[PDB]
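Residues per chain are reported as follows:
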Amino acid sequence: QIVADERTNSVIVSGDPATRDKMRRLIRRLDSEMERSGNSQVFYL
Amino acid sequence: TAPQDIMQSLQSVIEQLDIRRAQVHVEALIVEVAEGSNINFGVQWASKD
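The deposited coordinates, according to the entry record, derive from cryo-EM at 3.20 Å resolution.

Engineer: What should I look at first to understand unusual backbone geometry in this one?
Structural biologist: Leaving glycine out, the prevailing phi sign among residues is negative, and the prevailing peptide bond configuration is trans. All names here are of chain A. In the Ramachandran plot, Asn-9 falls in the positive-phi region, its phi being about 55 degrees despite a non-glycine side chain. For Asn-9, the location among the structural elements is in the loop between β1 (2-5) and β2 (10-13). Within the chain, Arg-36 stands out as a residue other than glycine whose phi angle is a positive 55 degrees. With respect to the helices and strands, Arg-36 occurs in the segment after α1 (19-30).

Engineer: Please explain the interface of chain A and chain B as it appears in this structure.
Structural biologist: By a frequent convention, interface size equals the accessible area lost on bringing the separate parts together. Chain A puts four residues into the contact, and the matching count from chain B is six residues. Buried area between chain A and chain B, summed over both chains or domains, comes out near 480 Å², and the portion from carbon and sulfur atoms is 58%. Looking at the side of chain A facing chain B, the largest losses of area belong to A:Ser40, A:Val42 and A:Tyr44, adding up to 69% of the total buried there. There are zero salt bridges connecting chain A and chain B. Class assignment for the residues of the side of chain A that touches chain B results in two nonpolar, two polar and no charged.

Reading the values: rules and limits
- Residues numbered from 1 in each chain as written, not as in the entry; some residues may be left out.
- Chains lettered and ligands numbered in written order.
- Part of a larger assembly, values for the part shown.
- Heavy atoms only, no water.
- Helix = DSSP H or I, 4+ residues; strand = E, 2+ residues; numbered from the N terminus.
- Contact = heavy atoms within 4.5 Å.
- Buried area = accessible area lost by both parts, 1.4 Å probe.
- Salt bridge = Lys/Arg side-chain N within 4 Å of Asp/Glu carboxyl O.
- Nonpolar A, V, L, I, M, F, W, Y, C, P; charged D, E, K, R; others polar.

Written out as structure tokens, the structure reads:
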């Protein structure tokens, strides 16, 4: 079970302490900072 | 106003569209040199009948 809270930009998670380990490790990678390159780039012609 | 992900995108765009503009000074030079001439010479007669 996963529910997201908009205001604080935070994910509520539920489960036993072993399952709340995995999603806590998997959310640290999905929160990793993108390097400079989004889907949008700016080309100076 | 956007979610935390779209925002961080739109901050790197605005950062790169906010650059300082260069200004240009454009001179034109319009030159004209004209030179005319003409010459006219001729004899005419007249008389009685």
